[PDB]
Amino acid sequence: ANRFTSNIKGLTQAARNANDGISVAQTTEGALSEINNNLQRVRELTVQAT
Amino acid sequence: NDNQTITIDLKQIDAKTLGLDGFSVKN
Numbered sequence: 051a052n053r054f055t056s057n058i059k060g061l062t063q064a065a066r067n068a069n070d071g072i073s074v075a076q077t078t079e080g081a082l083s084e085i086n087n088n089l090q091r092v093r094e095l096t097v098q099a100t
Numbered sequence: 151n152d153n154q155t156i157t158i159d160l161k162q163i164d165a166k167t168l169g170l171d172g173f174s175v176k177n
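Same order as they appear, the protein sequences are chains 2 and A.
With the deposited numbering as the guide, the letters of the first sequence map in order to residues 51 to 100.
With the deposited numbering as the guide, the letters of the second sequence map in order to residues 151 to 177.
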């Protein structure tokens, strides 16, 4: 039972760490969206400039 | 994309480039 308690507490804490990893990717992905939109407008401008 | 162009041509049209440079009908 004592070994089980370590796994129960360990896995529960591990799941909390996994939730943090999802947040990191979402925040990084969110910033990339505006970078994409800025690149899209720049491409349109070059078509009008050439 | 790039290099996607249609070329418009413009020719100099004036008296010099039409043969009418000095066109006179009197002495």
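Cβ atoms here follow ideal geometry from the backbone N, Cα and C, with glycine treated the same way.
So, with DSSP's three-state summary, where would you put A64 (chain 2)?
The residue labelled residue 64 (chain 2) in the question sits at position 14 within the first sequence. In this structure, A64 (chain 2) counts as helix in the three-state DSSP scheme.
**Alpha-carbon to alpha-carbon, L82 (chain 2) and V92 (chain 2)** = As a first step, residue 92 (chain 2) must be located in the first sequence, where it is residue number 42. As a first step, residue 82 (chain 2) must be located in the first sequence, where it is residue number 32. When rounded, the distance between both Cα atoms is 15 angstroms.
Practice problem: Below 8 angstroms on the Cβ atoms is my guess for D159 (chain A) versus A165 (chain A); work out the distance and round it to an integer in Å. | Solution: The residue you call residue 159 (chain A) lines up with position 9 of the second sequence. The residue you call residue 165 (chain A) lines up with position 15 of the second sequence. About 21 angstroms separates the two Cβ atoms, so there is no contact after all.
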